[PDB]
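Read the single chain below, which is given as structure tokens and is the form deposited in one PDB entry.
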């Protein structure tokens, strides 16, 4: 049957892989229905501002959006849990929980009151730790750090004396160039290379512990979703599931070429030290303790994630870790 919807993306077209997930979903649905199930994609600001995409869905302004749940953490930190919070699961672990651990239903139980039904719509994999003008090696090096970063990541780092900066995307490069900020988040090698941060902030840190496996949800107006035939509800879920895998796979394909290119252009890769990672982890757990004690919805979902998190990281160190470690050791020896 003919369905004609609008999708408001939180993302600009220049974030091609993330924005592209909505295009992929739209194409999947159109093609599978000989053009009948139409979702017209719009990029950030075209219909509504990117950070208000979910609000538009709730209000019935548009039928759906493609967004990251953590954009709405200010309304309720529970929005962040199924997207990404610091020191959560990486992509395969979160996906196991989403699809087979009851995570999609748990998140939808929370979202019902907000007039939304959501399904995973991509994963970026572990993000990078950002672009730095000067090295940081110790916790003390973080004192008074001016970093363009926000949300959860920012809340955690504030416990360690960093002050998050609010700066428009296009204003970051000149701020780094002038020395007005010390560091910036962005995404990962494929997206970051285009911004040329390496020219003015050469140290590229990792891992972005605030986003170990962030899911980019498709969120649907609850009335609109419920009005679909069972056939289209099923197709929609199938297509979201495929699109979700597709984005991760695209990043997994593109990122290796991009990191090589960045290093070839003089980028200085640097791990966050064990001391820094341990401090950030401790700070994050302090924040979660407060939230769990004050917010029952948050506690329910986070306890569910944590239950699987310990099991996942027990198993992952057996076959997966040992296989991959062996391959990496071969690679470092020039043997691949």
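Residue numbers count along the first chain shown, from 1. Rigid core: the largest C-alpha set superposing within 1.5 Å between the two forms.
The form deposited in another entry is left out here; the points below concern that form.
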Upon rigid core superposition, which of the listed residues (142, 239, 111, 104) is displaced by 2 angstroms or more at its Cα between the shown form and the other one? 142
Note yes or no: does the Cα of residue 221 move by 2 Å or more between the shown form and the other one after the core is superposed? no
Aligning on the core only, does the CA of residue 199 end up 2 angstroms or more away between the shown form and the other one? yes
Aligning on the core only, does the CA of residue 74 end up 2 angstroms or more away between the shown form and the other one? no
